[PDB]
Structure formats: structure tokens, C-alpha cells
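Report on the structure given below.
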Amino acid sequence: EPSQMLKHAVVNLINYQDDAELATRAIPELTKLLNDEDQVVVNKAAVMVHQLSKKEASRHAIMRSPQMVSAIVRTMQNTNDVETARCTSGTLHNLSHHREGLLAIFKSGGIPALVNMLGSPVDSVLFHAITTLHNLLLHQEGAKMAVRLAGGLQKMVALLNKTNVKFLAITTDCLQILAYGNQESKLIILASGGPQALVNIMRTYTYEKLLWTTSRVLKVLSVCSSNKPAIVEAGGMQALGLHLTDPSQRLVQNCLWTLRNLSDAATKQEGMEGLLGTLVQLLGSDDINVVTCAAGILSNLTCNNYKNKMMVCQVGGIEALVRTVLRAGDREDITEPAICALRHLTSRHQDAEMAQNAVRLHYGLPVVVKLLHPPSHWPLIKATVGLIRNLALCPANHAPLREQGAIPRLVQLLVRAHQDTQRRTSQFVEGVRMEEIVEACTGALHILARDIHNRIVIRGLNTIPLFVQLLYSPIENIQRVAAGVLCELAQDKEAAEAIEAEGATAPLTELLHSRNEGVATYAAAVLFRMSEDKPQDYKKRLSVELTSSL
């Protein structure tokens, strides 16, 4: 022994087959001792069988006896002695560490009993209990399908109230292995209060391995249209946001994904300061994923929510995003969400006008109008056109935006997109249907037509004839922006008569009976401009026409 392994071998071999055969000679007996009625007798047996599992030799023996196993399982779920349980359970634990054992316990029906063991008030018991289950869920085939039917989920979620970190991890991981790619399970975890339970963990412990394992569960639930809003109410967003800076990259990445899967719902949450603020930071991270997800989340959280829009602006959201776009490049996987954010951050909220100037002070206009041209794809373009529009609300961008050659492109896109909606008659593309490109562009020109010089350019491209045709569109929104752009242009005699000679008088006169506050207005607006400076006769019947018909 104190020499080499040449001696240890004869020892390991002499005692292995030794204690090994001892079991094959006692297993049958002990088996009976368990089935025995006398309670005190079974107890002793359980303690002996457990002392045998410890030994490898004896272990395989117990692990190969379908009768001995089934006996242990049975005894464990029917025993009312804290020691018999901890031993019977502990035994099954030392057995699960082996493929044969798992198969055995699985064949002897241990999962069910084990599940029922999770309800046990005894700690040690619960430990070995959940553990053995974890092993079966990882290596035992069909084990999953089984645990579910045994109502483990609920019992497992209930255990989430414990305090042992390393224990919580094991349990949570189970809730993960059972939920992944399974709606039923996910629903059950929902009908068990899992969400609020899980969240509490993320907002209470610091055990890295736990948080991760916990977030994972949330990730698999964030995909569910049922748990998604549920995870939100519990305040999951805020919770997850409390780890976006953690050193464990895997933890941060998981929190990010889960967030993006809930962002399109938490648009009505309060106390997002930390999150929103932190997300802005991530926009400056080195990892593309971090930046992307960061952008995506912001984009969603900034969609219709002034409280969020203003905050993002009070943390450098614009500058941050502007750099994100100027950093992304062609990777529309980053520009699209980034641009959308800016769009949301440039409309419907006090500090809107602020950001509008911001996008310019940080040299964003050049890169914004830039995205209007190839290789940029329709989805990006649509989102971009929207941004430009709002950016046009600020007269300080009129000139700077016009110099970037935005009007020419917008008009062009309008033409083609429109000519496309015309050939579709005698209609989606990459997801974005041209009809949407028409409204945006025109609407972008309507707002951008507030500058005299811009109007000279817009008109110069001979667009008057087209905008008139759009008045015949079956889509209100198009008519609105259509009659709108004509309105801003109608304030100039030349363009005024230009629109009249185009035959806009007839159609416009009708849009007065439109069930759209705007349409009618703009429509009437152009009419007035045209007839302005005509015989005192027509303009008189004109003033009546407007007062009577509306």
C-alpha cells in the first residue's frame, strides 16, 4: 500500500468483490425487512441499505435489483419517520449518480414519490429529493414527461420560498428544464405564482449561479404571451435591470434578452429610472449584442410613454443613440431599433423639441438622411423617414436637413413606392407595404414644407401633379398628408395656381365632406388660397361653401 498502485489494486480488488458479494447475499433479506410491517424493523433496514449505497460494490448490487429499488421508493413515500425518509431519500440520491440507478428509480416509480417528497417539511430530505429529481431531469429519458404528470412544477415553485441559495438554484434549474419548449409547464408555473416568486429572488440574493439560473427561467417565460405580462406586473423589468452591470456576462446577457421580450409590454410601468438610465449606458458597451439589445429595449420602452422619453433625454439618450447609429454602420440590426428610439424621442412629450435640436447638435442629420439611401432596407427606411419628419418639426433643422438632400430622396421614394401601389392594382415588401412609405414620405414633406426654400425645392421636383393624385387615395392618412403638403405650398401664388390648373379644385372641394378634422381643414385651406384674388363673386360663394357644407 505504501509503495505503488500495484498493491492498491490487489486491495481495491480484494475488498470490492468482497463487499460486492456481501450485498448480493444481504440485499434479498433487507428487501424483506423494508416490506415488513413492524415499523421499527423497516427503519433499521433503511439505515442498513443506505449504508450499503455508500459502498460502490454494494451500490451496483442495490442498483441492479428492481425489487430492492421499488421497495426503497415505496418505503420512502409511505414512511412517517424523519430518519427513514432522509435515509430512503438519501439512498436514492447515491443511486441517481449512476445511469443504471436513474433507470432503476425511473422504472420503480420514484419520480412520483420524490415529487411528493418535495412537500416534506424536513430540509435534508428536500435536498436529496430535489437533487435526485434534477439528475433524472438531466439524464433520465422520459423523466421530464413523468415529473410533469406528478405535479412537480407546483411543488417545485412552492419551494422557491426557501433561503438556501444552492438549493434555490437546483430547484429553479428544474423549473427551467421543465418549462423550456413546453407551454403547459410554463402555464402551470404561472398558475403557481412562479413569476412573482422568481422576481423576488432576482431582487433579494446575490449568489451569481442562482440569479443566472433564475433569469433563465424568466427567459423561457418571457416568450409566453401569458407569462410575459405576468413577469411585468411583478416588476421583473426593474428586477432584471438590477444586474445589467454584473460581472457575470452570461447573467447580464440573459437579463437583456428577457427584457426585450417584456419591453413591448412594460410600456406602462413606473420606476424605470434605473433601468432606462442603465440601458443608455450599455449603448456605449463594446459587445455588439449588449448595444443591440440595449437599443431594442429602449426603442420599446420609449414607444408611447412621455415619462420614459423625457428621462432618456435627461440621460443623454439622444447623443448616446446618435452615436449608436453612427457606430452601427450598415448593420441595420442596430440602426433600426436605434432610429425608432430617436423617432419616439422626438415627438409627443415636453422635451421633444429639445431632442429635435439635439439630433443635430451631435451631428446626426448627416447620418440620418444617409440611411434613406441603399443598401438600407425598407424597414429601416420607414423608421428613418419617420425620424426625419419629427426632426422637421424644428425649424432649426429645415436648412441643415435640406442641405443633406433629403427632399430629393423623400420625393423619389414617394414616387417609386407610389408607382408601385399603382402597378399593384392592374401588396407587401420585406414586411413594409409601400402604402406606408407613401404616407411617411408625404407626411415628412408636409412638415418639411414649412420653410419657404424647402417649398421651392419640393415644388421644383415637379411634385404638385402627384400630390394632387394622392387626394384620390382610399387611405385617409395619405389624403391628410397629401392635402397637407398642398396647403403649405398653396400659400404661394405661383404654386397656388399651379395646383389649381392641375385640377385640384374639383377634388379638394369634396374633401370638405371628409370625416377627418384634418383632411377637411387642409382641403379647405388649399381652396381658399387658390380662389384668393379671384372675382369678388366666386370667393363670396366660396366663403359660404365652407361655412355651409361644414
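Going by the C-alpha cells order, chains are called A, B, ..., each with residues numbered from 1, while ligands are numbered from 1 in the order shown.
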(request) Write out as a ChimeraX atom specification the residues lying within 8 Å of region 135-140 of chain A, counting only C-alpha atoms and excluding same-chain residues fewer than 3 positions away. (result) /A:96-97,99,102-103,106,131-132,143-144,174,177-178
(message) Excluding region 78-86 of chain A and its own-chain neighbours fewer than 3 positions away, which residues fall within 7 Å of it when counting only C-alpha atoms? Please give them as number ranges by chain.
(response) A: 43, 46, 74-75, 89-90, 124-125
(request) Please indicate the distance in Å from CA of residue 114 (chain A) to CA of residue 210 (chain A), rounded to one decimal place. (result) 22.8 Å
(message) Applying 10 Å and only C-alpha atoms, which residues near region 235-248 of chain A remain after dropping the ones on its own chain fewer than 6 positions away? List them as a ChimeraX atom specification.
(response) /A:195-196,198-204,206,208-209,211-212,215,218,228-229,254-256,258-260,262-263,266,269-279,281-282,290,294
Counting only C-alpha atoms, what is within 12 Å of region 347-362 of chain A, bar same-chain residues fewer than 6 positions away, as a compact mmCIF listing (two decimals) with N, CA and C atoms, in the first residue's frame?
# COMPACT_ATOMS: atom_id res chain seq x y z
N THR A 302 -39.60 53.23 -25.04
CA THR A 302 -39.81 54.63 -25.40
C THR A 302 -40.97 54.79 -26.37
N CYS A 303 -41.68 53.70 -26.64
CA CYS A 303 -42.80 53.74 -27.56
C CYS A 303 -44.09 54.14 -26.85
N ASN A 304 -44.48 55.40 -27.02
CA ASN A 304 -45.69 55.93 -26.40
C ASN A 304 -45.60 55.91 -24.87
N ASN A 305 -44.83 56.84 -24.33
CA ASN A 305 -44.64 56.95 -22.88
C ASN A 305 -43.72 58.15 -22.61
N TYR A 306 -44.31 59.34 -22.54
CA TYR A 306 -43.52 60.55 -22.31
C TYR A 306 -42.64 60.48 -21.07
N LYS A 307 -43.12 59.82 -20.02
CA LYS A 307 -42.35 59.71 -18.79
C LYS A 307 -41.00 59.04 -19.07
N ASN A 308 -41.00 58.10 -20.00
CA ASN A 308 -39.79 57.39 -20.38
C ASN A 308 -38.97 58.18 -21.38
N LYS A 309 -39.66 58.80 -22.34
CA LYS A 309 -38.99 59.60 -23.36
C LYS A 309 -38.17 60.73 -22.74
N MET A 310 -38.80 61.49 -21.85
CA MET A 310 -38.13 62.60 -21.18
C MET A 310 -36.91 62.13 -20.41
N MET A 311 -37.07 61.05 -19.65
CA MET A 311 -35.97 60.50 -18.86
C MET A 311 -34.78 60.15 -19.73
N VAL A 312 -35.04 59.43 -20.82
CA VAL A 312 -33.97 59.04 -21.73
C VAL A 312 -33.26 60.28 -22.26
N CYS A 313 -34.01 61.37 -22.41
CA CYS A 313 -33.44 62.62 -22.90
C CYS A 313 -32.64 63.32 -21.80
N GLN A 314 -33.00 63.04 -20.55
CA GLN A 314 -32.33 63.64 -19.41
C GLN A 314 -31.12 62.82 -18.98
N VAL A 315 -30.74 61.85 -19.81
CA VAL A 315 -29.59 61.00 -19.51
C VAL A 315 -28.67 60.89 -20.72
N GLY A 316 -28.91 61.72 -21.73
CA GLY A 316 -28.09 61.70 -22.92
C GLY A 316 -28.53 60.65 -23.92
N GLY A 317 -29.78 60.20 -23.79
CA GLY A 317 -30.31 59.19 -24.68
C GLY A 317 -30.08 59.49 -26.15
N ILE A 318 -30.34 60.73 -26.54
CA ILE A 318 -30.15 61.14 -27.93
C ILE A 318 -28.70 60.95 -28.33
N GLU A 319 -27.81 61.72 -27.73
CA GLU A 319 -26.39 61.63 -28.03
C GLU A 319 -25.94 60.18 -28.06
N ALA A 320 -26.34 59.42 -27.05
CA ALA A 320 -25.99 58.01 -26.96
C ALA A 320 -26.44 57.25 -28.21
N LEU A 321 -27.73 57.37 -28.52
CA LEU A 321 -28.30 56.69 -29.68
C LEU A 321 -27.66 57.17 -30.98
N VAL A 322 -27.51 58.49 -31.11
CA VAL A 322 -26.91 59.06 -32.31
C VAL A 322 -25.56 58.39 -32.57
N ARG A 323 -24.80 58.16 -31.51
CA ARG A 323 -23.50 57.52 -31.65
C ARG A 323 -23.71 56.05 -32.00
N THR A 324 -24.80 55.48 -31.51
CA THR A 324 -25.11 54.08 -31.77
C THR A 324 -25.36 53.87 -33.26
N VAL A 325 -26.05 54.83 -33.88
CA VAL A 325 -26.35 54.75 -35.31
C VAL A 325 -25.08 55.01 -36.10
N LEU A 326 -24.32 56.01 -35.66
CA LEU A 326 -23.08 56.40 -36.31
C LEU A 326 -22.00 55.34 -36.07
N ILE A 339 -32.86 54.02 -34.53
CA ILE A 339 -33.61 55.07 -35.21
C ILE A 339 -35.02 55.20 -34.64
N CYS A 340 -35.69 54.07 -34.43
CA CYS A 340 -37.04 54.10 -33.89
C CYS A 340 -37.05 54.86 -32.57
N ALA A 341 -36.05 54.59 -31.73
CA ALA A 341 -35.93 55.25 -30.44
C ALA A 341 -35.93 56.76 -30.64
N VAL A 368 -28.55 60.45 -40.55
CA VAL A 368 -29.97 60.11 -40.60
C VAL A 368 -30.48 60.11 -42.03
N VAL A 369 -30.25 61.20 -42.75
CA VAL A 369 -30.69 61.30 -44.14
C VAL A 369 -29.95 60.27 -44.98
N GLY A 386 -39.72 58.41 -40.69
CA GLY A 386 -40.44 58.91 -39.54
C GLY A 386 -39.58 59.86 -38.73
N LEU A 387 -38.34 59.45 -38.47
CA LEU A 387 -37.41 60.26 -37.70
C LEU A 387 -37.25 61.63 -38.35
N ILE A 388 -36.93 61.64 -39.64
CA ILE A 388 -36.75 62.88 -40.38
C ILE A 388 -37.95 63.80 -40.19
N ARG A 389 -39.15 63.23 -40.29
CA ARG A 389 -40.36 64.02 -40.12
C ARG A 389 -40.28 64.83 -38.84
N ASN A 390 -40.31 64.14 -37.71
CA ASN A 390 -40.25 64.79 -36.41
C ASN A 390 -39.09 65.78 -36.34
N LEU A 391 -37.96 65.41 -36.93
CA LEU A 391 -36.79 66.28 -36.94
C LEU A 391 -37.09 67.55 -37.71
N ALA A 392 -38.13 67.50 -38.54
CA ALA A 392 -38.53 68.64 -39.35
C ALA A 392 -39.46 69.57 -38.57
N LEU A 393 -39.95 69.09 -37.43
CA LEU A 393 -40.83 69.90 -36.60
C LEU A 393 -40.07 71.11 -36.08
N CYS A 394 -38.75 70.97 -35.99
CA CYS A 394 -37.89 72.04 -35.52
C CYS A 394 -37.36 72.83 -36.71
N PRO A 395 -37.81 74.09 -36.86
CA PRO A 395 -37.39 74.96 -37.96
C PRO A 395 -35.88 75.17 -38.02
N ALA A 396 -35.18 74.76 -36.97
CA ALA A 396 -33.73 74.91 -36.92
C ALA A 396 -33.06 73.81 -37.74
N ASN A 397 -33.82 72.78 -38.09
CA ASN A 397 -33.29 71.68 -38.87
C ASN A 397 -33.67 71.79 -40.35
N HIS A 398 -34.63 72.65 -40.65
CA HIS A 398 -35.09 72.86 -42.02
C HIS A 398 -33.95 73.00 -43.02
N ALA A 399 -33.11 74.00 -42.82
CA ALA A 399 -31.98 74.23 -43.72
C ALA A 399 -30.97 73.08 -43.66
N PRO A 400 -30.46 72.76 -42.45
CA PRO A 400 -29.49 71.68 -42.30
C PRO A 400 -29.96 70.36 -42.90
N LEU A 401 -31.26 70.11 -42.81
CA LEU A 401 -31.84 68.88 -43.33
C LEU A 401 -31.98 68.93 -44.84
(message) Quick check, in Å to one decimal: how far apart do CA of residue 224 (chain A) and CA of residue 183 (chain A) lie?
(response) 7.6 Å
(request) Mind giving me the straight-line distance from CA of residue 71 (chain A) to CA of residue 133 (chain A) in Å, one decimal? (result)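 It comes out at 18.2 Å.
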